[PDB]
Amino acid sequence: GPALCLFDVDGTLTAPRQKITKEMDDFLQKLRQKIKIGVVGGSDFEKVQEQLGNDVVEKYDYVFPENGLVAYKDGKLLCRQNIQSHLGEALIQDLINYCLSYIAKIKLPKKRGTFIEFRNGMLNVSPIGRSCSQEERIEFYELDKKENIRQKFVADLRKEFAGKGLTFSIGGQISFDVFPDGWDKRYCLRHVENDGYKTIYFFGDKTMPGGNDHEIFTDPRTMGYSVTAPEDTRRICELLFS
């Protein structure tokens, strides 16, 4: 029936760490006369504006920055959500308080700063601290492969907080992430599932496990299409919609 084309932004409509090109922006604006188009990325609205232009809200039918925690539909803000409002201040504080108390008892070679990074969609907890040098990151990534610091911290947090709808995910070199269950790229589906689309195509490049596109690709509500670069996204869209 009526369909929607949802795109990951980085890697799919744009080369990594690069702004959209005038040729792809035009391709999509022409594909917009055929089908309704929308974008989803984990970055704030200011980075989505640096990657797709400061007029993104008027050129895409849907804009879902921050995995859809911020949503725009037809030029207006549809919704706004953040981890503090969903989970409540009490539970937010109980999690921060356990994490600070826990990190204070970890015997590490070095401890720097920003042990807790409050993002609108998650909490990025660092035993060492995100403010550390790159040489200190590596020093902790190797000490963690031996003493399994992040694993034990996440396992004690899973035992104390996870019945409150919380997921814990070790990743990177120095931190793990604490987000409400389902606040990956899948969160954006709840603003398009009620708009009457018989099929919702989705295009992303990190569509294999451990990727930021994987969960939205594996969801039954999407017709997922893995991609490798923006030229490949224009290749598949020509084969699909003429």
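Residue indices: 1-based, along the sequence shown. Between two forms, the rigid core is the largest collection of C-alphas that superpose within 1.5 Å.
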**OP:** Superpose on the core, then say which of 86-94 and 148-156 ends up with the larger RMS Cα offset from this form in 4 other deposited structures of this protein.
**Re:** 148-156
Subject >> Stretch departing more from the displayed form, 168-176 or 75-83, Cα RMS in 4 other deposited structures of this protein (core fit) >> reply: 168-176
Original post:
Quick one: across the other PDB entries of this protein we compared, is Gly210 left without coordinates in at least a third of them?
Top reply: yes
**OP:** May I ask you to compare 43-51 and 181-189 by their mean CA B factor in the entry and name the higher one?
**Re:** 43-51
Original post:
Which has higher Cα B-factors on average according to the PDB entry: 28-36 or 63-71?
Top reply: 28-36
Subject >> Of the residues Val125, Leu77, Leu143, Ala90, the one carrying the largest Cα B-factor as recorded >> reply: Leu143
Subject >> C-alpha B-factor winner, where the candidates are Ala162, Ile116, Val154, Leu95 >> reply: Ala162
Subject >> Relative C-alpha B-factor of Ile138, binned into the chain's lowest, middle or highest third >> reply: highest
**OP:** Relative to the other modelled residues of the same chain, rank the CA B-factor of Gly129 and answer lowest, middle or highest third.
**Re:** lowest
Original post:
Hey, what third does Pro109 fall into on Cα B-factor, ranked over its chain?
Top reply: highest
**OP:** Sorting the chain's modelled residues by C-alpha B-factor, tell me whether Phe176 ends up in the lowest, middle or highest third.
**Re:** lowest
